[PDB]
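In the form solved without adenosine-5'-triphosphate (ATP), a lone chain appears below as structure tokens.
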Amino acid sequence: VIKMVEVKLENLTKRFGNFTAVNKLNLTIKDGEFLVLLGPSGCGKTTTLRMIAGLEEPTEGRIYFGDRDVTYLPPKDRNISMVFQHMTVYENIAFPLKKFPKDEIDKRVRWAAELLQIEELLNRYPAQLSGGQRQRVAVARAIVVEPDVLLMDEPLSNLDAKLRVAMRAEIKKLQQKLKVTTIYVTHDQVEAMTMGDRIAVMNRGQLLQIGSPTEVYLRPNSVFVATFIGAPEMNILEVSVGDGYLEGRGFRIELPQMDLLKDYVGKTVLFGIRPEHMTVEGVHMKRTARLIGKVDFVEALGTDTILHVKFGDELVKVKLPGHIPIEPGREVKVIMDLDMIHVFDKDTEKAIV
């Protein structure tokens, strides 16, 4: 049976010569949670996964599994399984069983196969695997050893959009049934939001923020996090703070008695509001702000309609549900939800909100 193992990464650093790939990462991964490491290529998420697996050693720091320091233990002694990217399904799943009794091997294979709902493909071959998914087989093999920590590196990168969603759900439900601590690496924000109990956003080797999908989405602690999750991206506009309002290149926004910007009156800050947190007049929000503008372009995608509206000298995107192919040149009253607004220091790019 599977255990719930807490994982601690302490002052973990990894520098390949001159390049610091991971800079003093501090993370406490809760026993049984599904943690997604989200970030662009080269942000350090993969290097971190590899250090957790033991395929790579840290330059500094420690890695604990429970109370055991596993920093310098071979990957085999850490009780982990990694998923990434002529035997029968039964043999494929059996392979990883490493001095094992034939009767123990059969019990586990059956258990894993049932968990992945592939019991009926056990005597079938890969190339023949049509009645199921070779994807599901790979997962059963990863969990067949009953790892204390499950590690996955962009396991779904090469799958059709429709099958990818089905796999996200499949993997997530399986992990919630097993409660095996899982560290999942992806650069895909939608996948991250779909699978992680928590998400750890990384950029240039640093942990920018960790929290639940709701926390990182509704309350990004910085511009980078605010714009890495949710597409179309959050509108970021440079503005100046006044008596009790914001003003940018060709517009002003009446700020209610928010105004946690006192230490910014007279200074420039970055204003942010998501496309989906705005709407157009004639199409509820407790507190709002209006700004008339002309539609510069329309993405009428049927399922959603994205308007590129010129705010004064600026250009922002407004996301409307459904098909509303309004034409370019027309003027619209853009309505902003004041309760969904963000404000970031222009220098540090950290949220002031």
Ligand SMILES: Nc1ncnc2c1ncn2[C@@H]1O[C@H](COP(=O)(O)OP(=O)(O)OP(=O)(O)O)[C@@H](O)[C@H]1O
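Residue positions are given as counts along the sequence shown, with the first one as 1.
This protein has a second form, the form solved in complex with adenosine-5'-triphosphate (ATP), left out of what is shown; the following refers to that one.
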message: If we define contact as a non-hydrogen atom of the residue within 4.5 angstroms of the partner, is residue 318 a contact of adenosine-5'-triphosphate (ATP) in the bound PDB entry?
response: no
- request: Classify residue 43 as contacting or not contacting adenosine-5'-triphosphate (ATP) in the bound PDB entry by the rule of any non-hydrogen atom within 4.5 angstroms, answering yes or no.
  value: yes
message: Can you tell me if residue 47 lies within 4.5 angstroms of adenosine-5'-triphosphate (ATP) in the bound PDB entry, counting non-hydrogen atoms only?
response: yes
field: adenosine-5'-triphosphate (ATP) contact at residue 21 in the bound PDB entry, heavy atom, 4.5 Å
entry: yes
query: For the chain shown here without its partner, which stretch in 285-293, 35-43, 308-316, 65-73 has non-hydrogen atoms within 4.5 angstroms of adenosine-5'-triphosphate (ATP) in the bound PDB entry?
result: 35-43
